[PDB]
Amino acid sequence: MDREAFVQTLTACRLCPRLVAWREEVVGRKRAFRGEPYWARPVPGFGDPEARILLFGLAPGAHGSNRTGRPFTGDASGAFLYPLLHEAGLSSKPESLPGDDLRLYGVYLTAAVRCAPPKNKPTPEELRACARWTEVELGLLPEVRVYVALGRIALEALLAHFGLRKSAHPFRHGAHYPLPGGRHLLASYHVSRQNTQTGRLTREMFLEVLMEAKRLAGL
């Protein structure tokens, strides 16, 4: 299917009952946003359909993409990620605001699961269900040369996608594995506030990942 068909069918998806409930249950639970409209639906990917670099996250944040409708938009993860994308020359401007004119250059963003999960922890079954959408979405990204897994969950999801074994591809920040057709699989700590504010992942470390992805992508 094409992208219009993808977005159309993805947004009406309700295969995971626990997530279909959670994505709406969190609406109004955060003080700063009570009374405001929430997307509270599956989140479609965002970015350059001709991207050579794919940044693969974990899932929607309850008050992040689940609220704004755009990956990494409206929370601490995006406040960290978007400025770095611009600093690396991969976007039109530093901030991402729903409904704005932000453009990504050579990069596309999406995640393993597309509906906000309790505790930011989808079950093995929810991962298997949404993996069908990963097949469709990545199927619509023909130019990707570098797949960047943001976190352990994201990597394991990509490994499953590429039919690779966990034992031969452990998760460690900076890890780089070869893929068929001269492509690449890179692993990075996730951009979560839990990682960036605690010091496990710094702005310097992540910009480095982005620069390396550009290098391996011929950008």
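Throughout, we count residues from 1 along the sequence that is shown.
Trainee: As stated in the PDB record, which stretch has the larger average Cα B-factor, 84 to 92 or 122 to 130?
Mentor: Comparing 84 to 92 with 122 to 130, the higher average CA B-factor belongs to 122 to 130.
Trainee: Report the stretch with the higher mean CA temperature factor, choosing between 168 to 176 and 43 to 51 on the basis of the entry.
Mentor: If you average the C-alpha B-factors of 168 to 176 and of 43 to 51, the larger mean comes out for 168 to 176.
Trainee: Among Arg70, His190, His63, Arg183, which residue carries the highest C-alpha B-factor recorded in the PDB entry?
Mentor: Going by the entry's C-alpha B-factors, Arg183 comes out highest.
Trainee: Among the modelled residues of its chain, does the C-alpha B-factor of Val26 lie in the lowest, middle or highest third?
Mentor: It belongs to the lowest third of the chain when residues are ordered by C-alpha B-factor.
Trainee: What third of its chain's C-alpha B-factors does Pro117 belong to: lowest, middle or highest?
Mentor: According to the entry, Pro117 has a C-alpha B-factor in the chain's middle third.
Trainee: Would you check the entry's CA temperature factor for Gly163 and let me know if it's in the chain's lowest, middle or highest third?
Mentor: Highest third, going by the recorded CA B-factors of the chain.
Trainee: By the recorded C-alpha temperature factor, relative to the other modelled residues in its chain, which third is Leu210 in?
Mentor: CA B-factor rank for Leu210: lowest third.
Trainee: Which third of the chain does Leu155 land in by C-alpha B-factor: lowest, middle or highest?
Mentor: Middle third.
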